[PDB]
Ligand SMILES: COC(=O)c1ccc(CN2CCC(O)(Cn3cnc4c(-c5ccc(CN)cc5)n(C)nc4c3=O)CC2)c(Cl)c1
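Encoded as structure tokens, the following chain is the form deposited without the named molecule, with no partner shown.
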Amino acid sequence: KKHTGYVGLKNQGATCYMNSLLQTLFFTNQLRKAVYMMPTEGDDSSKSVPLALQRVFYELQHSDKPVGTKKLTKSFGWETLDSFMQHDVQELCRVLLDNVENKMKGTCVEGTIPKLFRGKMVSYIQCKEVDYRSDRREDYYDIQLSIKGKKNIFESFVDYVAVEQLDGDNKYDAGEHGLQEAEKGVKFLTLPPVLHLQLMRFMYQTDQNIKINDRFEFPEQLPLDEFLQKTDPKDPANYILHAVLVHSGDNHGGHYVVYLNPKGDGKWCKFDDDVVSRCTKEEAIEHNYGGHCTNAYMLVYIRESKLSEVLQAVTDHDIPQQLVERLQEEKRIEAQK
């Protein structure tokens, strides 16, 4: 806190990726401000995920001491020894962001989650020998990128938009045209201001969940224009690395950490539960490539054109005085035992 200006989160069990994700969301300043503005005055403290996230964020903004998350884990009901071990980071991110997206309905920050995180892609099936095509628009809040046998993020995105062949016994049911040989793939229509990329190191013969510790390179600056169906000359898809969520160890267990440059200025900090320290750019990026068991499993990028708005400064006045009073009360009631 005193070294860095940022406070850590308590170790309170095998919550795995949770503390890492919480710092990542907290330092999505535009999301943080919108989270503070949610009308939770009449919410039950034991049950409200929205209020629970306001508390963690408030504590992360104000506290000099490591911040606790028991009321938050309670609120979305992941309380068992291995509850976080049975889920992955994108599943947790969906729970938190869905709950927060609901409460923002009928408020000045409605549709903050889609605005920040939601992109558009087209899933197509095109028949080869008959004139039939099926195009369906899909929304995504995150991308699961294949890393096995891939050297870098570029090769992952190439693999993601690669054409799959439907041949032989795997022919596509084209209705009136019967079974048909077809091509199946996805194209990107839009990339969102805040890009959540999970690296599929943790995957499912042998009936075992395994961790791939192979070298996988990701850059500081990531150009994605070449993966868009139609690019905008005014707004190119140039992305800036904001967060590197790191796991040290193997499939069964290990240590979770997040590297952030919160202001998007290339000044990196390591967030290790209660311990926040300054680190080199090299430690945050290159040292988490893995290869020949400490490596990245999730990357956050922010679109260069949206960086200053996404990372817009947060002051103490951005927290509604009502909300401040309710958490001020909670801290006083607990200080009576």
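Each residue number is its position in the shown sequence, starting from 1. We call the rigid core whatever largest set of C-alpha positions still superposes within 1.5 Å between the two forms. Only residues modelled in both forms are compared.
Across the other PDB entries of this protein whose models span the neighbouring residues, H292 goes unmodelled in a third or more. Per the record, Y204 and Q205 are separated by 1 to 3 deposited residues that have no coordinates. In the deposited sequence, the stretch from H292 to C293 hides 4 to 9 residues that have no coordinates. When the C-alpha B-factors of 208-216 and 195-203 are averaged, 208-216 comes out higher. According to the PDB record, 167-175 carries the higher mean C-alpha B-factor of the two stretches 78-86 and 167-175. Across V161, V258, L224, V130, the greatest Cα temperature factor reported in the deposited entry is at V130. For the set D142, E155, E91, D250, the PDB entry puts the maximum C-alpha B factor at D250.
Among the modelled residues of its chain, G42 has a C-alpha B-factor that falls in the highest third according to the deposited record. Annotation for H242: C-alpha temperature factor in the lowest third relative to the rest of the modelled chain, per the entry. Placement of the Cα temperature factor of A14 within the chain: lowest third of the modelled residues, per the deposited record.
Among all modelled residues in this chain, the alpha-carbon of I113 has a temperature factor (C-alpha) in the lowest third. Sorting the modelled residues of the chain by their CA temperature factor places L22 in the lowest third.
Only in words, not in the display: the form deposited with the named molecule bound, which the text now covers.
The site is blocked: after superposition of the local C-alphas, three or more atoms of the named molecule, taken in the deposited bound form, come within 2.4 Å of this form's backbone or C-beta atoms. Put simply, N209 is close to the named molecule in the deposited bound form: some heavy atom of it is within 4.5 Å. Although the partner is absent here, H242 is not a contact residue: none of its heavy atoms lies within 4.5 angstroms of the named molecule in the deposited bound form. For the chain shown alone, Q198 is a contact residue for the named molecule in the deposited bound form, at least one non-hydrogen atom being within 4.5 angstroms.
Residue contact with the named molecule in the deposited bound form: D250 places a heavy atom within 4.5 Å of it. This chain appears without its partner; in the deposited bound form, the one residue of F202, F154, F76, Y124 with a heavy atom within 4.5 Å of the named molecule is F202. The contact residue chosen from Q144, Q229, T107, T80 relative to the named molecule in the deposited bound form is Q144, the criterion being a non-hydrogen atom within 4.5 angstroms. Considering the named molecule in the deposited bound form, the lone stretch of 67-75, 209-217, 261-269, 233-241 in range is 209-217 [heavy atom distance within 4.5 Å]. Against the named molecule in the deposited bound form, the set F27, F57 and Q312 makes no contact: no member has a heavy atom within 4.5 Å. Annotation for 84-115: interface residues with the named molecule in the deposited bound form are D88, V89, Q90 [heavy atom within 4.5 Å]. Superposed on the rigid core, the two forms differ between the shown form and the other one by 2 Å or more at the C-alpha of one listed residue only; from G266, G149, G253, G77 that residue is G253. Comparing the conformations between the shown form and the other one, with the rigid core held fixed, yields the displaced runs 205-207, 251-253, each spanning 3+ consecutive residues whose C-alpha shift is 2 Å or more.
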